[PDB]
Structures are given as structure tokens and as C-alpha cells.
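Q: Build me a model from this:
(4 chains)
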Amino acid sequence: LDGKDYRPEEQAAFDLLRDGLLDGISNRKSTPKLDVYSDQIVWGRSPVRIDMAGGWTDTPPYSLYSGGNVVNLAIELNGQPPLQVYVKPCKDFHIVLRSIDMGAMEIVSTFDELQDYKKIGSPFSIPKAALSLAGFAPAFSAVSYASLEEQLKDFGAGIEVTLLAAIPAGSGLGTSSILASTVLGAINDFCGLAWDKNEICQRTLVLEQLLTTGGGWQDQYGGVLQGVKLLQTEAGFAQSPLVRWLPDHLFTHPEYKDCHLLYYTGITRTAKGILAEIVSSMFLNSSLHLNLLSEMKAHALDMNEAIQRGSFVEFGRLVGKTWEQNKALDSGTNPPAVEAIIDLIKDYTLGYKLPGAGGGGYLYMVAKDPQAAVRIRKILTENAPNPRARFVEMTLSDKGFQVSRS
Amino acid sequence: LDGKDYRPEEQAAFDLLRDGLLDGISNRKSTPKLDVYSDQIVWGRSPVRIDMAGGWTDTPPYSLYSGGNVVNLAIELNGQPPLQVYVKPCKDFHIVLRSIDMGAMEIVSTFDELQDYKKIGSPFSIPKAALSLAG
Amino acid sequence: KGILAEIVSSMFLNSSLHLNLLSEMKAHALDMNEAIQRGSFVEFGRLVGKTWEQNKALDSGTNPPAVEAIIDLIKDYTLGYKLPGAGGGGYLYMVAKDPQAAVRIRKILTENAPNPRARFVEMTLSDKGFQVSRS
Amino acid sequence: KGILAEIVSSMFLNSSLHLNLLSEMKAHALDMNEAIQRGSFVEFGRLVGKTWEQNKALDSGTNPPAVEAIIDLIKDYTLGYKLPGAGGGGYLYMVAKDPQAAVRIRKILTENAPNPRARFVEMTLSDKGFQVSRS
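A: Residues are numbered from 1 along each chain as shown, chains lettered A, B, ... in the order given. Structure data below:
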């Protein structure tokens, strides 16, 4: 702020931010995973959150510490859930990361460090951290990933792991985070180490630190679990329960006073390079941010009580409120083409939001009832770039985990 | 059967068997496929038959000609259907066949013939023929 | 399968009582569809076991006696079965009365369990089966 | 029920430790909803058996020992239960681990079967519940 070494000031803050989140978890372990066994294929899969309310009450700096609460949902695009991961043993001691919609391959055994790469943002980056199980142990070495695999699996793979996302990371749906978590669930099945959903997400957040994205963290509990989150509570250092539930049930038995909400991209994301800055600029330093943050939390409890009674009409109010509560608030980045899609309609009947990020991606919005379908006719009518302008639903459908079949 | 050139006899029968089935279809065409478009991913999927009855009444030689009948079913293992195929555009003018449970890759643009390979029975062999649109 | 499709294509209308048995496989298929077209589930099961007989004892007698040990027990509880498709490996299915069926699952649960595992797998009729191109 | 609603309305805030126990019934209800609001199904079962205790041993101690013979066996396999609503007749429900539950169905299937029959009846959550005026 004075003048001098902002980049080093950012570096000092960044390293301290990491060190702040470097605390701290069991173990980091040493475990020789075994399970698979050979012939199998382990396939995981996961639905995708949105956050109705309870917005950036996530994302350290929270309140600071403590906590937040988000209550979000965890839902599904038409089929498949998507975000689905395949992982297999092989013959050839080089851990291949293999992607689709981008992926040629990532031939890996070096580690080099491990894995941990914000180095080249081939989202193969995310499976790197998926090898951060610990990902160390006795008494192996760099060549002796030979030992790692070929006593672990033992199953002489150099494991080849093959994800799939359906949607780009310009979703504002936390898809990166969810994806990583799902991989970790597949590992937990895969060759061993026997974990929990929650501690899956714990260790996920732990590596999400070194993933160095701002930890949009609501999602990784959200989209894995089912239609609630709720209660981010402790947030130091950073402690993370947060659980309990809610009926949906007015997202199903369906309303049918519409019987819901659904999608418009016509807009790509910017993507996000200023947003998580304004988050982590700052902590309990500044400003009325901290203020507005606090009643986001309040409005989240508002939310859950509301639909915990079933006030669907007021559910819609609180949705539009959250929209207001971020659009006009932090962060005022929603780019006026979005507002043209808001413009028409705003009308017919009620409110909306951008989930998650904002500044691209896609909304959803609730109406009365079949005037809703006439809104589908409205976006059907105009405002249709080739980022298409759909009904996409959403489709609450959820548990979301894995198979290891057969 | 007499003695002599069973392998050539099998070869003659094999080529005649092919030539018998070489007949014959529209077109083989020329079509410039376009659709995709770019950003998309096309994912296919399929359930798996069994045949309750109506066994090898399939499989030329049938009766010979004609016909058979099988009536079988078309069913599904628990989920996914399985047998599911993803296919995508890219940047890099080499048709990659990519498999899973075996597949490293098959980098292809040669054709060489086309595709058509009973050459190495990497079941990438099957997508070769999948490029036989005509091809 | 390296002998099976040989015995198929050895031969055409050359030989033998194959051609004979082939013909009533077709007949038995029409038998099948009429049967379950009326809903004679019990007789559906008969015709399944018949098809098994109609290929096991018939072309092709390749079903390897470990399969027959899995047949051996049970054969019993209640009714028949087949290997779909190829035979000589892979996996069967079989129909019973009703929950004695689940006790058969307990039977294969009990023994006869190599690491090619010995499951309920279902099957699960569920079907259309095509593609998405989403979105 | 001719004594039960008496003990209810004998009395109001007159007497006794009734009023006491009543109050933590309310407390235990908030216990309940928070419990399954988190999904602690195992603890859901605990609180069910607690409510049973909280009325059986408590107001009202009317549950007639034949009921307790149906409790007797089982109590076991695995977890608790209650009589809904009144008590002193009618019918329970009870939760177990998992298919040991079905073996409990085998247990009540085995014995303890007067002609007020001894069933699985389910229950079956299914609900909105109103009217038609059709058409």
C-alpha cells in the first residue's frame, strides 16, 4: 500500500496464507494401498452443487474463522452425474494421467516433488494433488515408485487414471474442487487407505491449499453428498464440520409450482482472477465486506428455516435476495450481457441468481409455474449465442460416489 | 481334405467368404461430416444382449441364407449400460484412438489403408473399422 | 472361440445334421417367442434349458467341465439355464422358482468361488441405448 | 385406553414428576429431530428405544406382558423399538441393523403368532394425502 514490494508483500502474504492453511492434519501418512484387484475398473462419479444462498461465507478468510454457512444442494445434470473418474492398473510403471475434453496424456513417474503442480495448468494438475495421499511414506524413492506401485498395488501399473468432466471450469459450480474430491474418493476405494466422505473432503481441502486456488469449499461438501450442507462453523484452523440436513421436497415431490429453475449460459466466464482476490483482500482487516458477509450467514439461516418450513414463494424471495446480496454487493462483476438476460426477463415471475462465481457461467431462476415454460419460450425466442441457451435441468438426483465394478 | 493345400484351401475359402460378404451396400460414400460442434462431447452407450434361444441361426452360413431367428433381449448391467464411447475434436491432426482397460493410445494418421486392421489386435482394431464410414 | 466359428463356417449347406439341428433351433426360436408371448414363464424356463441342451449336447460340445461343476450343483433349485452366446467360458444365468433362487445365490455364495467372482450381477432389463452429444 | 387419557388429564400442572418427565419428552423430541436432521440413523434407533423406555417404564406402565414377550425375544437383533401412540395393544415397529431384520421377520414368522397376525405390514413412507373430487 505504501509503495514498495507489493509482489513480495503478496508473496509474504501468500506464503503466510499457505502456512496458515498448512496447519494441519493427520497424518501425512505412509500407507501401502493394495486393493484393486487387477481386472477391476474403478469408476467414480459425482453430482454438482449449486448454492442457493450462503454465498462467500465459505472461503478463508471467512468471518475469519468462524465459520460460515452455505446451505447449498447437491444436484445432477440430466445424466450422467457428470464428473466421473476411471482409474486402473496397468503394466508399465509410469503413472499416466489421462483426460478427456483436453487430455492427451500425462506420463508421470518422476515424481518430481510430488504433485503439487501449479506448473502447467493442464488440469492434470488436479490429479497431481490426487497423488498427494500423503503422498510420501517410508522408505521408497524416486526410482522406487517401482517400490511404491510394485509393492503397493503391486499390480505393476504405474497407475493410469482417467477422469472426465462434462463442463468447463468456467461454471461457477466448483467443478474443479468437486472433481479432485471425487478422485480422492476413488483412491480411497481404489487401492486402499479406507477413508470417510468427510475426511475425504478434509484432506481435499488440505490439498486445495496447495492447489492455491481460493478454497471455494462449500462445494466440496455440497456436490458430493445430497441436498443441504449446512453449518460452516469453526473455520480455524481450519476446523471443518458443517453437517446437517434438510428436505427437498419442493425440489421434488415436485412443487409443481415450477418445478424448477435451470440454466442460461450465453456467457463465458472472465474467469475469476479478481474475485478471490477481493475475498482474500481481505481478512478481518476490511471492510463492510465483513459486515455483509455476516448477514450472508444470517441470510443462510434465513434460507434453511424458510424452506425448512416450505415457504417456496419465500424461498424464491431469498434466492433473489442472495442475488442482490452479491450482485450489488461483493462482487459487482456481473457483466451487462448477464443483465440483458436478466433484463428480460425479471418478470415472469420471480427471481434468480448466478451460482458460485458469477461473471459468466449460468444462472437458474424460479417463476410461478408454467409461465416458467413460457420463459423457456422467451430464452428460446432470443438472446441466443452459441453458448446455448438451454433448459439443462437440475434434476436433483443424488448420492454420488463410485463403483469398483465388478 | 485330400491332402494338399488346406491353408491355401482355407485362404481360397476365406477370400471367397469375404467376397461373398463383400456384396454389397450403399454406397461406399464420400460424405463430409461436419456437426460436432467444437466444445461438445459426444458420449454414446449401450446395453448388452443375451440370447435366450435362437442360437447360431445367426452367423453366415445360416441355414445359408435364409434366415435365422434369434429372439434375444437387450439388457443392462447394473449401471452403466456399459460399453460407452466418448469422442471429441482436438487440435492436432492425428486421429487418436484411446482406450481404457488397455489403452495407452493409438496415434493415427496414415491411414494406412484404411482401417481395416486385423493387424495388431489391440482392439483399437475396432475403431479402425469405425473410420470405415466409407471411409 | 478359435474352434467355434470354424464349426460354424465348417460348414455351409455342405454338412451336416448341423443343418438339421440349426433348422429346429429356428423352430425353437419361434417356440420361444410364442411361449413368452403368451407368458408361460415356467415354459420359458423349459425352453431356455432346451436351448442349453440344444447347444451343449449339440454344436458345440465345448463347455468345459468346470462349467458343468457349476451346473452340477445346482441343476436343482429349481429350473434351467444356459450360457449365452459363445459358451466355453464367460458366464451363465439361470432361472429358479422364486426365492430358492436367492438360496441359489447362497449356494454359489457358499462354494465354487474362484476369483473370477461368483456374483449376482443383474440383468436388469433396462434399455434404449444410444448417445448424448451433450450439451 | 380408558385409563390412559385419565392419567393424562390427571393431571394438569397439579402433579407430578409427570410434568417433569413430560418436559424432557419435549427435550428428547428436539434430540430426535436434530439427530435425524443430521442422519445419525444408529442414534435415531437409540432415541426410539429411549422413547419406548420413556413411556413404558414411565407413564404409562400399561404395556401388557404379552407385548413384553414379543419384546422378549427379540430385543436382540439388533436394536430398539416402540409402540406408537397408545400402547397397551395395537402394534409396534422396530429397527435392526440390516437383513438380520429380515431374520427377525423370520423370528416372528417362527413363533408368537396368534390370529391377530404377525406380519410385515410396511410403512412405506408415502405421502401427501388428501382428496380427488374426480372428475
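Q: count of neighbours near residue A:241?
A: Neighbourhood size, residue A:241 [other CB atoms under 10 Å in any protein chain shown]: 14. All C-beta spots, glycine's among them, are computed from the backbone N, C-alpha and C.
Q: doesn't residue A:165 make contact with residue A:175?
A: Yes. At 6.0 Å, residue A:175 counts as touching residue A:165 under the criterion of CB atoms under 8 Å.
Q: okay, and the common contacts of these two?
A: residue A:83 (CB atoms under 8 Å, 6 or more residues apart in numbering or on different chains).
Q: Show the contacting residues for residue A:75.
A: With CB under 8 Å, 6+ apart, residue A:75 has these contacts: A:47, A:48, A:49, A:50, A:223, A:227, A:251, A:394, A:395, A:396, A:397, A:398.
Q: let's go with 10 Å and repeat that
A: The contact partners of residue A:75, by CB atoms under 10 Å, 6 or more residues apart in numbering or on different chains, come to A:47-50, A:81, A:222-223, A:226-227, A:248, A:251, A:260, A:393-398, A:400.
Q: what's the helix or strand for the nearest residue to it once chain neighbours are set aside?
A: The shortest distance from residue A:75 to any residue other than its chain neighbours is 4.5 Å, reached at residue A:396 (CB to CB, 6 or more residues apart in numbering or on different chains). Using DSSP states H and E, residue A:396 falls within no helix or strand.
Q: And residue A:294, by the same measure?
A: Counting by DSSP H and E, residue A:294 is part of helix A:288-309.
Q: And residue A:189, by the same measure?
A: helix A:175-190.
Q: what about residue A:406, neighbour count?
A: Neighbour number of residue A:406 under other CB under 10 Å is 12.
Q: Now do the same contact list for the residue nearest to residue A:255 when sequence neighbours are not counted.
A: Nearest residue to residue A:255, sequence neighbours excluded (CB to CB, 6+ apart): residue A:312, at 6.1 Å. The neighbours of residue A:312, taking CB under 10 Å, 6+ apart as the test, are A:250, A:251, A:255, A:257, A:258, A:260, A:306, A:366.
Q: Of all pairs in those, which one is the farthest apart?
A: Greatest spatial distance among the contacts of residue A:312 (CB to CB): A:258 and A:306, at 17.5 Å.
Q: So residue A:343 sits against residue A:352, correct?
A: No. Taking contacts as CB atoms under 10 Å, residue A:343 lies outside contact range of residue A:352: 12.0 Å.
Q: coming back round to it: specify the angle between the helix holding residue A:294 and helix D:17-38 in degrees.
A: In terms of direction (axes from the mean of the first three to the mean of the last three CA atoms, to 10 degrees), helix A:288-309 departs from helix D:17-38 by 110 degrees.
Q: Output the contacting helices and strands for helix A:288-309.
A: helix A:275-280, helix A:312-327 (3 or more CB pairs under 10 Å, 6 or more residues apart in numbering or on different chains; DSSP states H and E).
Q: Save these as JSON lines, and put in distance to residue A:370 too.
A: Shown next, in JSON lines, are these (distance: least, CB to CB, whole Å):
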{"stretch": "helix A:275-280", "distance to residue A:370": "36"}
{"stretch": "helix A:312-327", "distance to residue A:370": "15"}
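Q: Nearest residue to the most centrally placed residue in chain A in space, please, no chain neighbours.
A: Geometric centre of chain A, nearest residue: residue A:174, 2.8 Å, by CA atoms, centre = their mean. Here the nearest residue to residue A:174 in space, its sequence neighbours aside, is residue A:219; by CB to CB, 6+ apart that works out to 2.9 Å.
Q: residues in contact with the one you found?
A: A:48-51, A:58, A:70, A:72, A:74, A:172-178, A:181, A:201, A:229, A:355-356.
Q: a strand runs through it, doesn't it?
A: No. Per DSSP: H, G, I helix; E, B strand; the rest coil, residue A:219 lies outside any strand segment and is helix.
Q: Could I get the CA-only coordinates of stretch A:191-203 as PDB?
A: This file holds the C-alpha atoms of stretch A:191-203, laid out as PDB (Å, rounded to 0.1, in the frame of the first residue of the first chain):
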ATOM      1  CA  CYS A 191      -6.100 -49.300  -3.900                       C
ATOM      2  CA  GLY A 192      -6.800 -48.700  -0.300                       C
ATOM      3  CA  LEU A 193      -6.500 -46.500   2.800                       C
ATOM      4  CA  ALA A 194     -10.200 -46.700   3.900                       C
ATOM      5  CA  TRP A 195     -11.500 -43.100   4.500                       C
ATOM      6  CA  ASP A 196     -14.600 -41.100   5.100                       C
ATOM      7  CA  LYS A 197     -16.600 -38.700   3.000                       C
ATOM      8  CA  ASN A 198     -15.900 -36.100   5.500                       C
ATOM      9  CA  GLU A 199     -12.300 -36.800   5.900                       C
ATOM     10  CA  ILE A 200     -12.100 -37.200   2.200                       C
ATOM     11  CA  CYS A 201     -13.300 -33.600   2.000                       C
ATOM     12  CA  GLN A 202     -10.900 -32.700   4.800                       C
ATOM     13  CA  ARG A 203      -7.900 -33.900   3.000                       C
END
